[PDB]
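Don't worry about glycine lacking a Cβ; one is built from the backbone with ideal geometry, like all the others, and counts go over all protein chains shown. Each value in this text was obtained by applying a stated rule to the coordinates, not by laboratory testing.
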Amino acid sequence: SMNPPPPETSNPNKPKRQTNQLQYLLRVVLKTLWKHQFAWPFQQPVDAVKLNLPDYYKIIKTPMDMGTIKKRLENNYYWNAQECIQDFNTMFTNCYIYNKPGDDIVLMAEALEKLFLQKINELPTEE
Ligand SMILES: CCn1cnc2c1c(=O)[nH]c(=O)n2Cc1ccc(CNS(=O)(=O)c2ccc3c(c2)CCCC(=O)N3)cc1
């Protein structure tokens with residue numbers, strides 16, 4: 001019935017950083033996924049109410065979406081690339097867990113994940 005509050009994108013008690021890797025994650029990785037024709041279901045938190053996705057937040061207790069990731073990067077929320085990569089992987093995994101294998105939304109996530117891995121293969125060394 002109700003949706004939970006979306007994930008935080010900034011916190012005044014969590015230290016903030018910019019790194020060249022995090023800049024690549026925003027400017028190259030996130031933007032490359034975001035343009036994809038299959039990105040739109042992943043661009044905002046799941047509205048379980050409007051999507052009619054039964055039990056979404058009964059099953060998924062660590063929701064994540066690319067809009068949240070984008071805003072985290074914009075706000076210097078991540079300390080390191082591993083934290084950001086983990087959020088992408090949580091987003092994909094949530095899709096694989098909630099939906100049935102082979103579902104069209106799963107095909108979309110798999111296409112985005114393949115592309116994500118292409119792009120992170122080229123993550124620069126830290127400056
Ligand atoms: C990712 C969060 N999220 C947002 N909407 C979500 C979810 C979720 O987890 N589960 C869901 O069923 N939902 C609803 C939902 C949202 C969207 C869709 C997919 N609609 S489509 O793009 O026109 C489409 C149609 C045919 C098709 C594909 C994609 C896959 C590739 C080509 C292919 O062979 N078949 C199907 C279900």
remark   = Taking Cα atoms, the helix 81-98 axis meets the longest principal axis of the chain at an angle in degrees (rounded to 10) of 10
task = Work out the charge dipole of the chain with +1 on the Cβ of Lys and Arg and -1 on the Cβ of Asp and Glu about the Cα centre, then indicate which of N3, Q37, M91 is farthest towards its positive end.
result = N3
query = Can you give the FRET efficiency for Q37 and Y57, using 1/(1 + (r/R0)^6), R0 = 22 Å, r = Cβ-Cβ distance, to the nearest 0.05?
reply = 0.20
note = Contact order relative to length for the chain, counting C-alpha pairs under 8 Å separated by 6 or more residues, stands in percent at 38
remark   = Rounded to the nearest 500, the 222 nm mean residue ellipticity computed for the chain from DSSP H runs (n ≥ 4, each -39500 (n - 2.57)) alone is -13500 deg cm²/dmol
ask   = Cα-Cα over 29 Å: which of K61/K114; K16/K58; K14/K100?
value = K16/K58; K14/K100
query = Which of the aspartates and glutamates could a cross-linker bridge to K70, judged by Cα under 15 Å and excluding same-chain residues fewer than eight apart?
reply = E8, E83, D87
ask   = So what J values fall out for the range 64-74 if you push phi through Karplus, 6.51 cos²θ - 1.76 cosθ + 1.60 with θ = phi - 60°, rounded to Hz, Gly and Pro as x?
value = 7, 8, 5, x, 4, 4, 4, 5, 4, 4, 4
